[PDB]
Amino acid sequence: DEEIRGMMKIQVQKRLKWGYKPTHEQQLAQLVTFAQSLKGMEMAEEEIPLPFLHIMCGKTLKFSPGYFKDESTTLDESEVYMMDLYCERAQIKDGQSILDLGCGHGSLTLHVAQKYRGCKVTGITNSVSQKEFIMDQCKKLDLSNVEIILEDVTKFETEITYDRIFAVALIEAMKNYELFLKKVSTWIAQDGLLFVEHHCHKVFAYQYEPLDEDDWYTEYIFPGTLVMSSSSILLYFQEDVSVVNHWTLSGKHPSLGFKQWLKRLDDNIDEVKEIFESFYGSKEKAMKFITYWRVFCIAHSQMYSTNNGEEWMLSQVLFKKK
């Protein structure tokens, strides 16, 4: 842990001199050549055991961050505050069709559905198990409210349109932001909104690709080249959607989230070893998936804490059609 925090504060500082430039002309230009580059990519590049997440992620199994109001906010609680923020900032109304892109394990689909029994809430994931699990909760807590399409978002067509489209933690897997925002806009209703949240740097976007030959990080964690977006970056993909509002949250909310994920992991470790040996068929491999998750949490709760959250952070954009 200790050395890894250190081995990651150095990765941070060299990603920090990478992307910062001494004048606004150079800074801005770099970001505008970056966006144009992602128009030369595909829309997106072309399975975690459920027992293990009941431990690491908390009640709703929200595999994305939460709003911590103070550092006594439970991880459980933070998950709730964040998704009411979502619901508040998406201007969600009782009775409107809701589409939830990349449900995961439905933490938001079930939230809206329970908080607004008038809304018909439709979710989309590419996992058979996420779908079944979710539809298990509907069963349990009496929801004729939900629907789970099974389809890869980047493939899905439909005639159906939606009063409010959600899409959180999803941009992180998309290369061409243009084709993505292009497709989703034909799913927007007469006068509807689209809610995008996304990890980012405050100031510059970039590919997940080695700084040195001596930065283990980009290889161990990312293993494929993703894009760490820039907070403002979606302002440049406004051809089929228009920005209505734009917010950001300090990087202390992810940093705290990762902090919660690591402690519960480490509080229940024996059970974690047991679940991952059943699943990966080996004490060596379990002992190495434990390592990953700890390193991911440690490193990234240190990556987001940077400069009291004023480097990497959460970014929220609200959209309307055309």
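Heads up: residue numbers just count along the shown sequence, starting at 1.
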Item to check | Gap size, residue 47 back to residue 46 (deposited sequence, no coordinates) | outcome: 4 to 9
Next on the checklist: With respect to the deposited sequence, is there a break between residue 223 and residue 224 in this entry, and if so is it 1 to 3, 4 to 9, or 10 or more residues, or none at all?
Outcome noted: 1 to 3
Checklist entry - Is the mean CA B factor in the deposited entry higher across 129 to 137 or across 69 to 77? => result 69 to 77
Checklist entry - Out of 23 to 31 and 47 to 55, which one has CA B-factors that are higher on average in the deposited record? => result 47 to 55
Item to check | Top residue by Cα temperature factor, when 106, 251, 192, 210 are compared in the entry | outcome: 210
Checklist entry - Lowest, middle or highest third: where is residue 39 by Cα B-factor in its chain? => result lowest
Next on the checklist: Going by the CA temperature factor in the PDB record, which third of the chain does residue 177 belong to: lowest, middle or highest?
Outcome noted: lowest
Item to check | Within-chain third of residue 156 by Cα B-factor, per the entry | outcome: highest
Checklist entry - For residue 206, does the deposited CA B-factor place it in the lowest, middle or highest third of the chain? => result middle
Checklist entry - Compared with the other modelled residues in the chain, in which third is the CA B-factor of residue 96? => result middle
